[PDB]
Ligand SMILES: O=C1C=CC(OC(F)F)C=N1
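Take a look at this single chain in structure tokens; it is the form solved without the ligand.
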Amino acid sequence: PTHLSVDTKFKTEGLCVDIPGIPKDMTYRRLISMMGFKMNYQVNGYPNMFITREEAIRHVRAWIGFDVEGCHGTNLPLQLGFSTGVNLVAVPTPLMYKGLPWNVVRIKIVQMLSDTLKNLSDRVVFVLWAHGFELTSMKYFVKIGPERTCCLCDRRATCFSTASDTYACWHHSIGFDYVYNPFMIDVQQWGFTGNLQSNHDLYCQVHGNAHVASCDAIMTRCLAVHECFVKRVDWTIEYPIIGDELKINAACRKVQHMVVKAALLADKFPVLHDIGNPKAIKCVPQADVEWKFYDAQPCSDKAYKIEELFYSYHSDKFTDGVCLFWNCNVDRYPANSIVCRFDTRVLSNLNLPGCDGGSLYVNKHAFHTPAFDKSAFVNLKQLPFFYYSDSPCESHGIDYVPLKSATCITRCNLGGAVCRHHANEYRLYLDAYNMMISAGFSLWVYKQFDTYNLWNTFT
């Protein structure tokens, strides 16, 4: 049991207003046939156009919400809406495009999906709240067949061209007119009562209903993300490397060690309260401090209330020493804190749009993160960039230009001239820092933090 059986039942109640008379007893096999597609008994990698909830979750980067609304069914114009905010009007003769025949509409669909997905996924998963017109419109822009490879590379084919009779992936599809072997899932099959807006609005206040197809497409995808990544969480699912994952994760470890080590040297806290990931290891193993750990899994719905994390009777006194909240999202951090908080607003290939202002950060695992809120940091300040090192000034073993920087906190800089080793390490550290910041991570610290207190650790 890996793929969704075509002989699985499909509930058709949601389809009967667009398709009146539709049989109550229906399989994916018969639905695909009704949609105008012929599977020809093919064992060539594409067993069903529809996929399971488990397969949809493994391919969350491919999710594109899709809705079709009748403007006036062969005789009427259709408004095609996508979770990218795009609305296209197809005539059978929040971006809104005027009515155009299907032969040109399909070219725009291929361009839009290819630009949206080329850096995300090897496929497309159309996320539906199926009422009929979206399923019966697929024949106008979708072609199916055996699994194929791109004409210009080794990636699987996602597009077809009737001009050249060739296949392409999302990177090589310029000028292609058909979406080839897409996947889809109907959210209505999951067991819901009431319409799309009533279910979506139970969990999200950020997406409205401007009564256009793209609004429904966005709400459908948002509801799917809430069901799969907010109310249900699976951290065992691994996701492929599509970008700077490894560098970002290594940079995060380097920045955490640097900042915590310097906070302990500068203010000499007798105790550190490490709140978050139950599998955390001391980021500064050599530090003298009493290191106490508190378990809190990543919050995916709302940020933790600091009253629930801290109160209800541990050193008990979280006011003693310092608190470390490394990606542990709380509503309002205490004044004595070191914080790394992911900014959900960041634009990147790892950060997908989420539910109720939140975002779906996908880097090895999927983490739905609550909406970034500047008011969480009112008792803290932004942590300034700095590099600190007590290591010996010694080169060992990439040409050189002398480093001059007020933020290179080393013995050599105190002595008036940065050594080659510390200049190389400073530049590598600054690169790691900038990588982590650009990935969306934000750093905050207790107001008394002052790197001037690090210079006297060289005596």
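Heads up: residue numbers just count along the shown sequence, starting at 1.
The following text describes the form deposited with the ligand bound, which does not appear among the structures shown.
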_Open or blocked? Place the ligand on this chain by superposing the surrounding C-alphas onto its site in the deposited complex, and call it blocked when 3 or more ligand atoms come within 2.4 Å of backbone or C-beta atoms._
blocked
*Would you mind picking the one in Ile109, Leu383, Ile144, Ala376 that has a heavy atom within 4.5 Å of the ligand in the deposited complex?*
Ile144
*May I ask you to state whether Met49 is within 4.5 Å of the ligand in the deposited complex, using heavy atom distances?*
yes
*Should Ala432 be classed as touching the ligand in the deposited complex when contacts are defined as heavy atoms within 4.5 Å?*
no
_Residue-level question: is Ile32 within 4.5 Å of the ligand in the deposited complex, judged on heavy atoms?_
yes
*Is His396 close to the ligand in the deposited complex, meaning a heavy atom pair under 4.5 Å apart or at it?*
no
*Going by heavy atoms, what in 52 to 80 lies within 4.5 angstroms of the ligand in the deposited complex?*
none
